[PDB]
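Enquirer: just the first chains of my complex for now:
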Amino acid sequence: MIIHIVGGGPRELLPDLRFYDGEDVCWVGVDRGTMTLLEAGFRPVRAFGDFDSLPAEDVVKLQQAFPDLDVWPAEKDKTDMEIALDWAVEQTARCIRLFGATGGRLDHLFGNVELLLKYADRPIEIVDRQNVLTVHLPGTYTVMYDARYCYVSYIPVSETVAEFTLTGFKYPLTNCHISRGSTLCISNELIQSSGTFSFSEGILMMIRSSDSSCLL
């Protein structure tokens, strides 16, 4: 099972959700992200937020389409994405992806990254038309060739990240010691069909991205 949560960030930043759809995918709406789901003809198994966050005409379209929708109201001192994710991480999904979680007010993106950090031991991705962002605890992880992304960047979240090691990339790294501030960001490119990154200590962010140029 895979859980795809669609929040209410700027809409031009969303990928085409049809390419993220599949029979193991359960869709969840957050704020006006629910309207995006309706437009794709997907039924959210669940939605989170208040209806004040949608235009009146949109609420009419939503309740018309799904009169029985299970909506969970906004909670004090928590964002709608947070309550959605708090629930999602209890469902034993193989992967959770957050869409509509980037762009606009930067405190939203950064708050969302803090959620990934809070749940660093869970498989959660932030995804937009140009990026997939993930955070990781020590271990060994795979990276598979993906047409959507040419660039890979690693950024230390913890003060240090020990024994950082890459296989399959343009620039090789083996047992590299990483200190935040001294190492700002490591840029690289998956050259082989697949590769790994691993580290023994700390907390590490990976961003795989693309841009207009990325069409090699």
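Expert: Here it is on my side, so go on. Numbering: from 1, shown residues only, chains lettered A, B, ... in the order given.

Enquirer: okay, now residue A:109: neighbour count?
Expert: 17 (other C-beta atoms under 10 Å). The C-beta positions use only the backbone N, C-alpha and C, and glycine is treated the same way.

Enquirer: quick check, it in a helix?
Expert: Yes. Judged by DSSP: H, G, I helix; E, B strand; the rest coil, residue A:109 forms part of a helix.

Enquirer: quick check: closest non-adjacent residue to it.
Expert: residue A:102 (5.2 Å; C-beta to C-beta, 6 or more residues apart in numbering).

Enquirer: got a list of what the one you found touches?
Expert: Contact analysis of residue A:102 by C-beta atoms under 8 Å, 6 or more residues apart in numbering lists A:9, A:13, A:108, A:109, A:112, A:126, A:128, A:131.

Enquirer: try 10 Å this time
Expert: A:7, A:9-10, A:13-14, A:108-109, A:112-113, A:126-131, A:133 (C-beta atoms under 10 Å, 6 or more residues apart in numbering).

Enquirer: which of the residues you listed are buried?
Expert: Burial by neighbour count, 16 or more other C-beta atoms under 10 Å: within the contacts of residue A:102 this picks out A:7, A:9, A:13-14, A:108-109, A:112-113, A:126-128, A:130-131, A:133.

Enquirer: which ones among those residues lie within helices?
Expert: A:108, A:109, A:112, A:113 (DSSP state H).

Enquirer: list the contacts of the last one.
Expert: Pointing back at residue A:113 there. With C-beta under 10 Å, 6+ apart, residue A:113 has these contacts: A:101, A:102, A:126, A:133, A:135, A:157, A:205.

Enquirer: what's the burial count for residue A:73?
Expert: 10.

Enquirer: still on that earlier bit, just the contacts of residue A:102: which are in strands?
Expert: A:126, A:127, A:128, A:131, A:133 (DSSP state E).

Enquirer: isn't the fourth one up against residue A:151?
Expert: Yes. Between residue A:131 and residue A:151 there is a contact at 9.4 Å, judged by C-beta atoms under 10 Å.

Enquirer: hey, what's in contact with both of the two?
Expert: By C-beta under 10 Å, 6+ apart, the residues touching both residue A:131 and residue A:151 are A:207, A:208, A:209, A:210.

Enquirer: keep only those of these that are in strands.
Expert: A:207, A:208, A:209.

Enquirer: now render these as a markdown table, adding distance to residue A:53.
Expert: Listed next are these as a markdown table, based on distance: C-beta to C-beta, whole Å:
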| residue | distance to residue A:53 |
| --- | --- |
| A:207 | 28 |
| A:208 | 30 |
| A:209 | 29 |
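
Enquirer: buried subset of those residues, written for PyMOL?
Expert: To isolate the buried ones among these in PyMOL, judged by 16+ other C-beta under 10 Å, type:
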select buried, chain A and resi 207+208+209
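
Enquirer: for the nearest residue to residue A:208 once chain neighbours are set aside, phi and psi?
Expert: Spatially, and ignoring its direct neighbours in sequence, residue A:208 is nearest to residue A:149 (4.0 Å; C-beta to C-beta, 6+ apart). Note on residue A:149: its backbone torsions stand at phi -140, psi 120 [degrees, to the nearest 10].

Enquirer: what of residue A:118?
Expert: Backbone torsions of residue A:118, given as degrees, to the nearest 10, read phi -60, psi -40.

Enquirer: tack on chain B:
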Amino acid sequence: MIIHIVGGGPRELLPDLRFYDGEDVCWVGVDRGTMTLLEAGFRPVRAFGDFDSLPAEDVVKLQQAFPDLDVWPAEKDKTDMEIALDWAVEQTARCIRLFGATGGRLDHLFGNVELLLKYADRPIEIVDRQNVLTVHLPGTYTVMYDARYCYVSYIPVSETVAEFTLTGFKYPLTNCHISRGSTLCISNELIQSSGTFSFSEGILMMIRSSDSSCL
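Expert: Chain B goes in next, on the same frame as the chains above:
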């Protein structure tokens, strides 16, 4: 002196740069940022990056009207933005602002935030059409009401931020202990003409922002 660096992030995210120009402003181009400056009619005192990195017509357009532009090539394991800021920080400027540093590839944004952190003792802002993002070491800081921004958020960068205190805000805090992962993001609003934030240990990010619900 004020240094304004224009990078190559999505053009639509830039505020109107005319509002950020001044006699004391030295503009600096990074990547495609240089084209944005030329279109705006501001000649950069210096540019960072390679011409290979620019769209074909742009290299003509730039080398055609501004051939004497002082361009400094990319360096080893450093972004163009990095080398530009490394230089800017050496010039003893009162303020350094990075435009075209948000949106698009998020590795650019996050890498730029790491630059701000390396230089946390320096007055540097990341700015776009909806945000001003700064990072801060222990101290007491004044925040001035600004019509452009009706939201103010605080996010811990260090594991802990100690003795965090707000004065002049809609949701007050006094001598609060902040733990990253446990306090994810402090949303707020400045409700006086000036307010303060202070903390005694750690590193704290401030984001002042706006959206369509700012009156």
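
Enquirer: mind redoing the contacts of residue A:102 now chain B's in there?
Expert: A:7, A:9-10, A:13-14, A:108-109, A:112-113, A:126-131, A:133, B:103, B:106, B:109 (C-beta atoms under 10 Å, 6 or more residues apart in numbering or on different chains).

Enquirer: if the residue sitting nearest the centre point of chain A is in a bridge, with which residues?
Expert: Nearest residue to the geometric centre of chain A (C-alpha atoms, centre = their mean): residue A:126, 1.2 Å. Beta-bridge pairing for residue A:126 (DSSP bridges): residue A:98, residue A:133.

Enquirer: who does the helix or strand that contains residue A:96 touch, helix- and strand-wise?
Expert: If you go by DSSP states H and E, residue A:96 is part of strand A:95-99. The elements that strand A:95-99 packs onto, with contact taken as 3 or more C-beta pairs under 10 Å, 6 or more residues apart in numbering or on different chains; DSSP states H and E, are strand A:2-6, strand A:25-30, helix A:33-40, helix A:80-88, helix A:106-118, strand A:124-128.

Enquirer: tell me the contacts of residue A:38?
Expert: Going by C-beta under 10 Å, 6+ apart, the list of residues near residue A:38 reads A:29, A:44, A:58, A:61, A:62, A:64, A:65, A:66, A:69.

Enquirer: my guess is residue A:43 contacts residue A:27. True?
Expert: Yes. Using C-beta under 10 Å, residue A:43 is in contact with residue A:27, at 7.1 Å.

Enquirer: now for these two: what residues contact both?
Expert: Counting by C-beta under 10 Å, 6+ apart, the residues touching both residue A:43 and residue A:27 are residue A:37.

Enquirer: any idea of the angle the strand holding residue A:96 forms with strand A:2-6?
Expert: 10 degrees (axes from the mean of the first three to the mean of the last three C-alpha atoms, to 10 degrees).

Enquirer: how about strand A:95-99: buried residues?
Expert: Residues of strand A:95-99 classed as buried: A:96, A:97, A:98, A:99 (neighbour count, 16 or more other C-beta atoms under 10 Å in any protein chain shown).

Enquirer: ok, stretch A:71-80 next?
Expert: A:71, A:72, A:79, A:80.

Enquirer: residue A:85 reaches residue A:124, doesn't it?
Expert: Yes. Under the criterion of C-beta under 10 Å, residue A:85 is in contact with residue A:124, at a separation of 7.3 Å.

Enquirer: list residues touching both of those two?
Expert: Counting by C-beta under 10 Å, 6+ apart, the residues touching both residue A:85 and residue A:124 are A:3, A:5, A:96, A:98, A:112, A:115, A:116, A:118.

Enquirer: enumerate every residue touching the fifth one.
Expert: Residues touching residue A:112, when contacts are defined by C-beta under 10 Å, 6+ apart, comprise A:7, A:9, A:79, A:81-82, A:85, A:98, A:101-102, A:124, A:126, A:133, B:184-185.

Enquirer: the second one now?
Expert: With contacts taken as C-beta under 10 Å, 6+ apart, residue A:5 has the following neighbours: A:26-30, A:33, A:44, A:46-48, A:80-81, A:84-85, A:87-88, A:96-101, A:124.

Enquirer: pull out the buried members of those.
Expert: Buried among the contacts of residue A:5 (16+ other C-beta under 10 Å): A:26-30, A:33, A:44, A:46-48, A:80-81, A:84-85, A:88, A:96-101, A:124.

Enquirer: A helix includes residue A:19, no?
Expert: Yes. With three-state DSSP as the criterion, residue A:19 is part of a helix.
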